[PDB]
Amino acid sequence: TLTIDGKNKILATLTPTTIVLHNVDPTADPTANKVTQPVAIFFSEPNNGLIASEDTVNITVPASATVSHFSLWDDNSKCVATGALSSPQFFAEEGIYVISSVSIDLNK
Amino acid sequence: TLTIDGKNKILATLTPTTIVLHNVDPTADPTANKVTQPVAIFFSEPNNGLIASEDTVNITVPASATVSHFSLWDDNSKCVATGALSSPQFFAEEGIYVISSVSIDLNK
Amino acid sequence: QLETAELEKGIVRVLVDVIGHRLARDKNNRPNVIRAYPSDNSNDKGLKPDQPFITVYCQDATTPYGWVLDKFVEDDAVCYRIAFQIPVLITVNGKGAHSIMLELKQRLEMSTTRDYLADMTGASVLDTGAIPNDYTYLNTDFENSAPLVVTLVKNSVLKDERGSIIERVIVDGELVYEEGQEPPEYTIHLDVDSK
Amino acid sequence: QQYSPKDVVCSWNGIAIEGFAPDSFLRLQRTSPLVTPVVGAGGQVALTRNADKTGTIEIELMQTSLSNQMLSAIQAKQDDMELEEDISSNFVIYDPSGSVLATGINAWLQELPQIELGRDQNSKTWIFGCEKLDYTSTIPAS
Amino acid sequence: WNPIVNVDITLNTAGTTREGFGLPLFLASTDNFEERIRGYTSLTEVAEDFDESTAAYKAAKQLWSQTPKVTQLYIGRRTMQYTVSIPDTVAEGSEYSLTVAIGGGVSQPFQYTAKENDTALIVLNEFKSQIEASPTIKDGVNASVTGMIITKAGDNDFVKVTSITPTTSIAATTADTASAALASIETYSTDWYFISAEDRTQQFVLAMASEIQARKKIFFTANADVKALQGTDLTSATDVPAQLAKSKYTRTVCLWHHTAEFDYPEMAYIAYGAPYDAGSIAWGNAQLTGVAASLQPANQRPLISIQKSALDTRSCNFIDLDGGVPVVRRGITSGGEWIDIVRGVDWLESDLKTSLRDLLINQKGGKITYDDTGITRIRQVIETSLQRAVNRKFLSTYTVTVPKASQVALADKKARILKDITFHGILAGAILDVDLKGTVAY
């Protein structure tokens with residue numbers, strides 16, 4: 001299998017910085033149909049081939065908006081990763097979605 | 001999961017430079033069973049989350065040696081990838097091993 | 001993509017610059033061009049602005065130009081392009097509304113104005129209707145209104161995130177002498193890839 | 001499995017002709033009847049089997065449709081080709097409901113469209129010929 | 001400066017050429033020419049690098065006699081293993097020489113002439129050290145000591161040693177079992193269609209036939225052994241025609257002629273249908289000019305009926321003398337398929353592949369989407385490709401069936417894969433022989 005040391009070094013250049021929530025799956029186009037505004041997410045150092053979020057993230061979603069899928073970005077506007085949150089949520093009144101833990105890992 | 005754009009950026013930092021053959025699966029203690037010399041290997045730019053060797057490399061295996069596994073040591077003496085060959089082969093006399101192509105891939 | 005809300009927003013900014021020197025100004029010295037049926041969050045209604053003011057209202061959005069104008073393939077997604085025709089109703093309210101409305105019509109034909117409208121909206125004017133000099137009785141006096149129906153045409157492009165385009169074709173063919181011949185005389189197997 | 005105009009697709013020379021007019025947009029027709037009966041003065045009837053199966057495919061695309069440029073680009077290229085090169089390709093028309101079941105074997109571009117700019121948006125009618133308008137059917141010989 | 005009109009008449013002859021599907025390639029064991037697949041456009045060109053007795057010139061003359069000249073002829077070389085050995089005893093200081101040429105830049109001579117006491121060998125081993133020390137020969141020339149063989153190894157592929165008095169003998173072609181020769185020639189160019197060879201050994205011939213069967217080419221051979229014109233049961237004899245028929249190789253053409261050894265009559269057969277189109281021709285009854293009828297090596301008389309019938313059992317074609325006119329009969333491959341069908345099928349694959357390549361690579365009308373429109377685009381190209389066969393009088397009707405988009409599994413769409421595309425064409429035959437049963441003469 002791949003080496004953990006290799007898995008740690010390879011993951012040290014990802015460095016996602018902003019997180020954006022989408023109502024639809026952004027796999028086809030992660031540059032379209034955004035809902036929230038880019039909110040800063042800070043990651044830890046690569047350990048055991050798995051980076052994790054340092055602090056919790058609060059994303060202010062506008063009213064009458066739905067979030068179902070999430071996406072991460074870097075400094076040069078380059079979508080490193082996309083994913084789907086647990087379940088869709090409809091914010092009737094202006095609310096907040098909190099990110100408890102993001103764990104990008106490569107250890108299969 | 002990661003994006004095609006994300007995989008290309010991340011792969012551009014591994015940059016394997018040398019390849020070393022092994023007799024036993026080098027999982028852990030990769031500095032042991034260093035049968036051959038660190039022959040240099042050149043990789044191309046990432047493309048669709050995949051890098052391939054730029055050209056065929058020849059490995060100067062010493063006589064009366066058995067090789068079954070390899071490892072891609074990078075510039076800063078780190079084992080970033082282990083792996084086995086097709087079948088353990090016994091180089092009873094002096095000979096050279098031809099590596100037609102080695103490709104690192106993340107589309108899995 | 002086509003959004004009626006964005007189209008109305010785009011028109012309002014254009015009307016402010018194009019016909020603004022003849023409307024009224026609010027506390028921020030902004031020409032009174034508003035979207036029809038004003039309403040903030042929930043049920044917070046909007047007050048009727050000062051006189052000579054303009055109300056923009058997108059009546060509907062018809063597609064008399066066929067179901068799909070064309071279907072192209074972007075990087076890895078099938079994109080449909082549908083052609084829409086949006087009738088926008090611009091109405092000027094206040095004393096001397098007809099004179100104000102007439103100026104806008106003679107100004108919506110100028111190439112410079114239409115080029116400005118083509119930007120920040122993405123649509124182009126198709127035609128302008130007639131201006132009826134309307135007098136309505138509110139409570140005491142008559143309010144002059146001059147509605148006008150500006151028809152816009154725009155192309156909306158949407159991506160189907162479930163496209164999965166073709167990249168490989170595998171063809172199996174057989175050659176026979178007559179219709180039948182369970183053992184084919186010759187067999188063809190093809191495999192064409194994009195690599 | 002009823003007829004819906006949203007699934008009818010036509011393809012010629014490898015292109016994906018699309019953007020049909022809302023009204024009648026496809027019109028296939030054989031140029032000659034199958035048989036031309038000849039009636040003798042006495043009353044005896046003989047049948048002449050016409051060995052002429054050529055047809056005519058007319059397509060009504062709206063002017064702003066992209067396929068209008070694609071077809072015109074092909075026509076411009078086909079004029080510059082030498083006389084020996086072919087200018088025909090089969091005209092496959094597909095419809096899941098089975099309303100149309102005709103092929104356009106060896107179809108060429110007969111007439112260029114007629115532009116009719118007006119107040120509203122009009123259509124451009126492309127007329128294609130064919131050497132054998134072959135009518136097919138789902139039902140086999142049984 | 002050039003004159004206003006430049007006229008130059010020569011008392012030469014005719015020879016107007018014609019172009020058609022297929023370009024012959026002759027695998028000759030030669031030593032000249034730059035790399036594999038040299039090529040030639042006229043008989044004079046093939047004579048500027050080969051002698052009359054040379055095998056390549058013999059093949060070239062037969063193919064290029066005919067009347068419709070083939071546009072171009074490809075000539076490839078088999079990699080060479082020159083072997084050296086002293087035939088006599090080493091005498092004091094007898095001078096020995098040899099020159100090794102690799103690539104283009106190698107003309108280094110080599111002299112030892114050092115046997116003062118006794119060698120009984122030495123000289124060859126002395127050469128081994130010298131041949132591995134030359135600055136421009138050290139890499140690319142693998143040598144041995146025997147008890148030497150200057151082969152090739154790495155990078156440089158072409159080697160050649162030549163002397164005057166001592167030896168520099170043998171050829172011993174390295175190219176083994178076609179595959180080795182084919183692997184080399186494929187790397188250079190793959191634009192050839194018809195393949196032949198100078199070698200006639202059973203091991204080599206059977207190797208090419210198996211190897212050719214994998215790729216889309218046709219192999220034209222020529223055998224002359226007597227053991228083929230005696231057996232009427234296939235699983236009885238070991239003749240190459242019998243070996244081919246037993247293996248059921250459909251891409252190997254056998255022409256049994258008596259000149260199969262010193263000449264290459266298969267060249268004439270190739271030049272009968274190569275200039276013309278693909279599938280709009282019959283390789284059956286053919287009036288090959290120049291070549292004589294299939295003679296018996298024992299009696300020098302044309303083949304008798306039983307001998308021909310024995311040949312018909314092994315599917316190897318011959319030259320029947322019907323109305324005293326040498327006519328190549330049968331016109332069939334070793335696998336039992338008519339040659340025109342095999343050629344037409346190969347053309348159909350090439351035309352289908354090219355036409356379908358346009359959508360996928362050149363993106364003619366855009367990338368093919370995975371719906372009813374995209375599948376229709378693929379059907380149109382396939383149908384168009386088959387239509388050219390009908391206009392070519394190869395097929396008569398075709399029937400292409402494509403899957404419906406809704407009936408496609410989710411796995412294929414994710415893999416971006418389209419399968420289950422089938423077509424069913426009906427061949428158009430040709431009348432090669434009749435049987436008139438006259439009623440009477442009452």
# chains A, B, ... in the order shown; residues from 1 in each chain; ligands from 1
$ residues_around --residues "residue 32 (chain C)" --least-positions-apart "3" --cutoff "6 Å" --atoms "only C-alpha atoms" --output "list in words"
residues 24, 25 and 53 of chain C
$ interface_residues --of "chain E" --to "chain D" --cutoff "6 Å" --atoms "only C-alpha atoms" --output "VMD selection string"
chain E and resid 365 373 377 380 384
$ residues_around --residues "region 112-128 of chain C" --least-positions-apart "2" --cutoff "12 Å" --atoms "only C-alpha atoms" --output "NGL selection string"
(:C and (1-19 or 83-90 or 101-102 or 104-110 or 130-131 or 147-157)) or (:D and (118-121))
$ closest_residue --among "A:82, A:51, A:10, A:70" --to "residue 27 (chain A)" --atoms "only C-alpha atoms"
A:82
$ residues_around --residues "residue 12 (chain A)" --least-positions-apart "5" --cutoff "12 Å" --atoms "only C-alpha atoms" --output "list in words"
residues 5, 6, 7, 43, 44, 45, 46, 47, 48, 49, 50, 51, 52, 104, 105 and 106 of chain A; 9, 10, 11, 12, 13 and 14 of chain B
$ write_last_selection --atoms "N, CA, C and O atoms" --output "short mmCIF file (atom, residue, chain, number, x, y, z; two decimals), in the first residue's frame"
data_model
loop_
_atom_site.label_atom_id
_atom_site.label_comp_id
_atom_site.auth_asym_id
_atom_site.auth_seq_id
_atom_site.Cartn_x
_atom_site.Cartn_y
_atom_site.Cartn_z
N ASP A 5 3.90 8.30 5.45
CA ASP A 5 4.77 9.46 5.30
C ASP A 5 4.49 10.15 3.97
O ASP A 5 4.36 11.37 3.90
N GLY A 6 4.37 9.36 2.90
CA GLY A 6 3.96 9.90 1.62
C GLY A 6 2.58 10.51 1.67
O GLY A 6 2.34 11.57 1.09
N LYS A 7 1.66 9.84 2.37
CA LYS A 7 0.30 10.36 2.50
C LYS A 7 0.26 11.67 3.27
O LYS A 7 -0.61 12.51 3.03
N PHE A 43 -7.43 24.61 8.58
CA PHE A 43 -7.16 23.20 8.78
C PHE A 43 -5.91 23.01 9.65
O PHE A 43 -5.11 23.92 9.85
N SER A 44 -5.76 21.79 10.16
CA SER A 44 -4.61 21.44 10.98
C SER A 44 -3.44 21.00 10.10
O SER A 44 -3.50 21.13 8.87
N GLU A 45 -2.38 20.49 10.72
CA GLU A 45 -1.23 19.98 10.00
C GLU A 45 -1.52 18.54 9.59
O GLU A 45 -2.26 17.83 10.30
N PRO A 46 -0.99 18.07 8.46
CA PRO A 46 -1.20 16.67 8.06
C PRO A 46 -0.72 15.69 9.11
O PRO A 46 0.45 15.72 9.51
N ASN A 47 -1.61 14.82 9.58
CA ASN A 47 -1.25 13.79 10.55
C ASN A 47 -1.95 12.49 10.19
O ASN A 47 -3.16 12.49 9.91
N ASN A 48 -1.18 11.41 10.11
CA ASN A 48 -1.70 10.07 9.81
C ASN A 48 -2.53 10.11 8.53
O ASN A 48 -3.55 9.43 8.38
N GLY A 49 -2.09 10.92 7.57
CA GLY A 49 -2.79 11.08 6.31
C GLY A 49 -4.22 11.57 6.46
O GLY A 49 -5.12 11.08 5.76
N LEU A 50 -4.45 12.53 7.35
CA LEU A 50 -5.79 13.05 7.58
C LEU A 50 -5.73 14.45 8.17
O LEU A 50 -5.27 14.63 9.31
N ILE A 51 -6.16 15.46 7.41
CA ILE A 51 -6.25 16.80 7.96
C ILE A 51 -7.65 17.03 8.53
O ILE A 51 -8.64 16.47 8.05
N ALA A 52 -7.72 17.87 9.56
CA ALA A 52 -8.98 18.15 10.23
C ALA A 52 -9.11 19.64 10.49
O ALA A 52 -8.11 20.37 10.53
N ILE A 104 -10.71 15.90 5.82
CA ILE A 104 -10.24 15.39 4.53
C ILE A 104 -9.17 14.35 4.79
O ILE A 104 -8.16 14.61 5.45
N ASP A 105 -9.39 13.14 4.28
CA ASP A 105 -8.46 12.05 4.50
C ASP A 105 -8.27 11.28 3.21
O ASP A 105 -9.15 11.28 2.34
N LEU A 106 -7.12 10.62 3.09
CA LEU A 106 -6.73 9.88 1.90
C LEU A 106 -6.46 8.42 2.21
O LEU A 106 -6.11 7.65 1.31
N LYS B 9 -3.66 19.62 -8.75
CA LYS B 9 -2.83 20.52 -7.96
C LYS B 9 -2.01 19.75 -6.93
O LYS B 9 -0.82 20.00 -6.74
N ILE B 10 -2.65 18.81 -6.24
CA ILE B 10 -2.00 18.10 -5.14
C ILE B 10 -0.89 17.22 -5.69
O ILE B 10 0.19 17.14 -5.10
N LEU B 11 -1.12 16.59 -6.84
CA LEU B 11 -0.13 15.66 -7.39
C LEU B 11 1.14 16.38 -7.83
O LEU B 11 2.21 15.76 -7.89
N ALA B 12 1.04 17.67 -8.14
CA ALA B 12 2.20 18.42 -8.63
C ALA B 12 3.25 18.65 -7.57
O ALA B 12 4.24 19.34 -7.86
N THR B 13 3.10 18.12 -6.35
CA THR B 13 4.07 18.32 -5.29
C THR B 13 4.76 17.05 -4.83
O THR B 13 5.78 17.14 -4.14
N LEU B 14 4.24 15.88 -5.19
CA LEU B 14 4.91 14.63 -4.83
C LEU B 14 6.29 14.55 -5.46
O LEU B 14 7.29 14.33 -4.77
#
$ closest_atom_pairs --of "chain C" --to "chain A" --cutoff "10 Å" --atoms "only C-alpha atoms" --output "CSV"
residue,atom,partner,partner_atom,distance
C:41,CA,A:63,CA,8.7
C:42,CA,A:93,CA,9.1
C:75,CA,A:28,CA,9.2
C:76,CA,A:28,CA,7.1
C:77,CA,A:28,CA,6.4
C:78,CA,A:28,CA,9.7
C:159,CA,A:28,CA,8.3
C:160,CA,A:28,CA,8.2
C:161,CA,A:28,CA,5.2
C:162,CA,A:28,CA,8.0
C:163,CA,A:28,CA,8.9
C:164,CA,A:28,CA,9.8
$ write_last_selection --atoms "N, CA, C and O atoms" --output "short mmCIF file (atom, residue, chain, number, x, y, z; two decimals), in the first residue's frame"
data_model
loop_
_atom_site.label_atom_id
_atom_site.label_comp_id
_atom_site.auth_asym_id
_atom_site.auth_seq_id
_atom_site.Cartn_x
_atom_site.Cartn_y
_atom_site.Cartn_z
N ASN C 41 -38.67 41.56 3.69
CA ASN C 41 -38.81 40.27 4.37
C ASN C 41 -40.22 40.06 4.89
O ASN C 41 -40.88 41.00 5.36
N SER C 42 -40.69 38.82 4.78
CA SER C 42 -42.06 38.45 5.13
C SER C 42 -43.08 39.38 4.48
O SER C 42 -43.14 39.47 3.25
N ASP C 75 -17.55 21.41 -20.82
CA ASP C 75 -16.41 20.60 -20.42
C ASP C 75 -16.77 19.14 -20.15
O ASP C 75 -16.23 18.24 -20.79
N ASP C 76 -17.67 18.90 -19.20
CA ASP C 76 -18.13 17.54 -18.97
C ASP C 76 -19.62 17.49 -18.65
O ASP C 76 -20.10 16.54 -18.02
N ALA C 77 -20.37 18.51 -19.08
CA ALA C 77 -21.78 18.60 -18.75
C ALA C 77 -22.59 18.99 -19.97
O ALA C 77 -22.17 19.86 -20.75
N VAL C 78 -23.74 18.35 -20.14
CA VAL C 78 -24.67 18.70 -21.21
C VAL C 78 -25.43 19.95 -20.81
O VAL C 78 -26.05 20.01 -19.75
N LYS C 159 -27.22 23.72 -17.08
CA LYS C 159 -26.39 22.53 -17.17
C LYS C 159 -27.08 21.37 -16.48
O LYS C 159 -27.55 21.50 -15.34
N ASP C 160 -27.14 20.23 -17.16
CA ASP C 160 -27.69 19.00 -16.59
C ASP C 160 -26.54 18.25 -15.93
O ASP C 160 -25.65 17.73 -16.61
N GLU C 161 -26.56 18.20 -14.60
CA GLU C 161 -25.47 17.60 -13.84
C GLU C 161 -25.49 16.07 -13.92
O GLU C 161 -24.73 15.40 -13.22
N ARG C 162 -26.35 15.52 -14.77
CA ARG C 162 -26.47 14.09 -14.97
C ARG C 162 -26.27 13.72 -16.43
O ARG C 162 -27.00 12.90 -16.99
N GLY C 163 -25.28 14.33 -17.07
CA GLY C 163 -25.05 14.13 -18.49
C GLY C 163 -24.32 12.86 -18.86
O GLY C 163 -24.87 12.01 -19.57
N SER C 164 -23.09 12.71 -18.37
CA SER C 164 -22.29 11.50 -18.59
C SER C 164 -22.09 11.21 -20.08
O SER C 164 -22.56 10.19 -20.57
#
$ interface_residues --of "chain C" --to "chain D" --cutoff "6 Å" --atoms "only C-alpha atoms" --output "MDAnalysis selection string"
chainID C and resid 66 68:70
$ select_by_dssp --residues "chain A" --states "strand (DSSP E)" --output "CSV table (one decimal) with C-alpha atoms, in the first residue's frame"
chain,number,residue,atom,x,y,z
A,18,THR,CA,-13.0,28.9,2.4
A,19,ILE,CA,-16.2,26.8,2.5
A,20,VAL,CA,-19.3,27.4,0.4
A,21,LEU,CA,-22.7,25.6,0.7
A,22,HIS,CA,-24.8,24.6,-2.3
A,39,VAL,CA,-16.4,31.7,4.9
A,40,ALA,CA,-12.9,31.0,6.2
A,50,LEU,CA,-5.8,13.0,7.6
A,51,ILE,CA,-6.2,16.8,8.0
A,52,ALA,CA,-9.0,18.1,10.2
A,57,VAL,CA,-17.2,27.3,11.4
A,58,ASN,CA,-20.5,29.2,11.4
A,59,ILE,CA,-22.0,30.0,7.9
A,60,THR,CA,-24.8,32.5,7.8
A,61,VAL,CA,-27.3,31.3,5.3
A,65,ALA,CA,-32.5,29.1,1.2
A,66,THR,CA,-31.7,25.4,1.2
A,67,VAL,CA,-28.2,23.8,1.7
A,68,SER,CA,-27.6,20.2,0.7
A,69,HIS,CA,-24.0,20.1,-0.7
A,70,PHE,CA,-20.8,21.8,0.4
A,71,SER,CA,-17.5,22.8,-1.4
A,72,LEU,CA,-14.1,23.9,-0.3
A,73,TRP,CA,-11.8,26.5,-1.9
A,81,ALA,CA,-13.0,19.3,-2.9
A,82,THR,CA,-16.8,18.9,-2.9
A,83,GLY,CA,-19.2,16.9,-0.8
A,84,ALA,CA,-22.7,16.6,0.7
A,85,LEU,CA,-23.7,17.5,4.2
A,86,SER,CA,-25.8,15.0,6.3
A,87,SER,CA,-29.3,16.1,5.3
A,88,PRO,CA,-30.9,19.0,3.4
A,89,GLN,CA,-31.9,22.0,5.7
A,90,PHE,CA,-34.4,24.7,4.8
A,91,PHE,CA,-33.8,28.0,6.6
A,95,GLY,CA,-30.3,31.2,10.3
A,96,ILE,CA,-26.8,29.8,10.8
A,97,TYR,CA,-25.3,26.5,9.7
A,98,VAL,CA,-22.4,25.4,11.9
A,99,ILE,CA,-19.6,23.1,10.7
A,103,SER,CA,-11.8,15.7,7.9
A,104,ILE,CA,-10.2,15.4,4.5
A,105,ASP,CA,-8.5,12.0,4.5
$ atom_distance --atom1 "CA of residue 193 (chain E)" --atom2 "CA of residue 66 (chain E)"
19.2 Å
$ residues_around --residues "residue 35 (chain D)" --least-positions-apart "3" --cutoff "7 Å" --atoms "only C-alpha atoms" --output "ChimeraX atom specification"
/D:47-50
$ interface_residues --of "chain E" --to "chain C" --cutoff "7 Å" --atoms "only C-alpha atoms" --output "PyMOL selection string"
chain E and resi 353+360-361+366-370+413-414+416-427
$ atom_distance --atom1 "CA of residue 62 (chain E)" --atom2 "CA of residue 192 (chain E)"
18.5 Å
$ atom_distance --atom1 "CA of residue 359 (chain E)" --atom2 "CA of residue 376 (chain E)"
12.1 Å
